[PDB]
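Next up: just one chain, as structure tokens, the form deposited in one PDB entry.
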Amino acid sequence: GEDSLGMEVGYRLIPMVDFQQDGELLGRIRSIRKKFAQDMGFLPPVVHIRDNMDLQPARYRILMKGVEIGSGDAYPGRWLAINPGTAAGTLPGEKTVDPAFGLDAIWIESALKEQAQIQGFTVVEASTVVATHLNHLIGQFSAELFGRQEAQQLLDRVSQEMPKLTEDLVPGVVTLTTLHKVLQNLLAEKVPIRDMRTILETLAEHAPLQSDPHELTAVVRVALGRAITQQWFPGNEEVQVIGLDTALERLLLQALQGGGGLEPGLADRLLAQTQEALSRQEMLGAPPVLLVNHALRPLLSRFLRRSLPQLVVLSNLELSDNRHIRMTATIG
């Protein structure tokens, strides 16, 4: 009954979503959905747009299965001047916060656009503010948006290109339930699922031996290690990562191996130090990537990303073996 993905708008935002008028936001939505399909392998559901007149005139909401996941203001006659961290001074206008990243921002008249840019502000128009927020929410909720129906539709599409591979695999070797869970686990850590041949071929080799979607996910991630490596370290420059202090690594390994647990305070400090390492990577311009021993990757991914979803936790078995790695930050 409820649309998988929906948007509600006050009356001032109707033009940017009206195919008979300017409809600028409709074209941005299409590019967002196309870019997710091509880059992540995940065609998001259509965004059902409807007017809502008890909403403020310049207000929009974004909803998933009828549950609001985001909202904000967009003023068609104004630009949003966003301070990325380097802007200088202030501008007159409605002070706010950019909906995607939480950065300080100001809605400004058109006549201040260039002045704001000279002051180092990133200046975007109203429809782009909404699009950016939607694009961010689709990314944040990619796994939740990829339900069983979505998994079936994708399997049906790939079946057209790879009929024999898909026939030998589902449902006799891996069920849709298991395939959906593995694909969801990949999307949950921002791993693209566009390379369905490698994914299905890997499941075909290991599903007969391991029915656990958790273990399949680890083996699929290794099979996709080149795509994962190029996602966070595109090109051929030095791979700059966070690493664990050597002593910490062994304390965690021996805790999972029944050799003695770590005091709870050490876990809290582990989390605090991961946040500090993230801030350092950001300051260095390096990726938000923590590289760890294969045996630790699922644990630390779940433990740390619960509080720090921006963190990427990779296994040493996933990182392309021809890359030069440098630990630019150390946790512990």
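Start at 1 with the first residue shown and count on from there. Only residues modelled in both forms are compared. Whichever C-alpha set is largest while still superposing within 1.5 Å between the two forms counts as the rigid core.
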- Take the C-alpha B-factors listed in the entry for 239-247 and for 83-91, compute each mean, and give the stretch with the larger one. 83-91
- For 109-117 versus 192-200, entry-based mean Cα B-factors point to 109-117
- Among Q20, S320, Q310, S315, highest Cα B-factor in the entry goes to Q20
- Task: Could you tell me which one of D156, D168, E144, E215 shows the highest CA temperature factor in the PDB record?
- Result: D168
- Would you mind checking where the Cα B-factor of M53 ranks among the modelled residues of its chain, as the lowest, middle or highest third? highest
- According to the PDB entry, is the CA B factor of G27 in the bottom, middle or top third of its chain, that is, lowest, middle or highest? middle
- Item | Within-chain third of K164 by Cα B-factor, per the entry | highest
- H180: CA temperature factor from the record, placed by chain third, in the lowest
- Message: Which third, lowest, middle or highest, does the C-alpha temperature factor of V123 belong to within its own chain?
- Response: middle
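Below, we refer to the form deposited with a partner chain bound, which is not included among the displayed structures.
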- At the 4.5 Å heavy atom threshold, is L155 in contact with its partner chain in the bound PDB entry? no
- Item | 4.5 Å heavy atom contact, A255 to its partner chain in the bound PDB entry | no
- Query: Any of the heavy atoms of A204 lying within 4.5 Å of its partner chain in the bound PDB entry?
  - Reply: no
- Message: Test of understanding: in the bound PDB entry, would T132 fall inside 4.5 Å of its partner chain by heavy atoms?
- Response: yes
- Could you tell me if all three of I82, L103 and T128 have a heavy atom no more than 4.5 Å from its partner chain in the bound PDB entry? yes
- Message: To test your reading of this chain, name the stretch in 40-48, 260-268, 290-298, 275-283 whose heavy atoms come within 4.5 Å of its partner chain in the bound PDB entry.
- Response: 275-283
- Listed residue (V173, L165, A188, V124) with a non-hydrogen atom within 4.5 angstroms of its partner chain in the bound PDB entry: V124
- Message: Can you work out which of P99, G93, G243, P192 has a heavy atom no more than 4.5 Å from its partner chain in the bound PDB entry?
- Response: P99
- Item | Regions shifting between the shown form and the other one, defined as 3+ consecutive residues whose CA atoms all move 2 Å or more relative to the core | 282-285
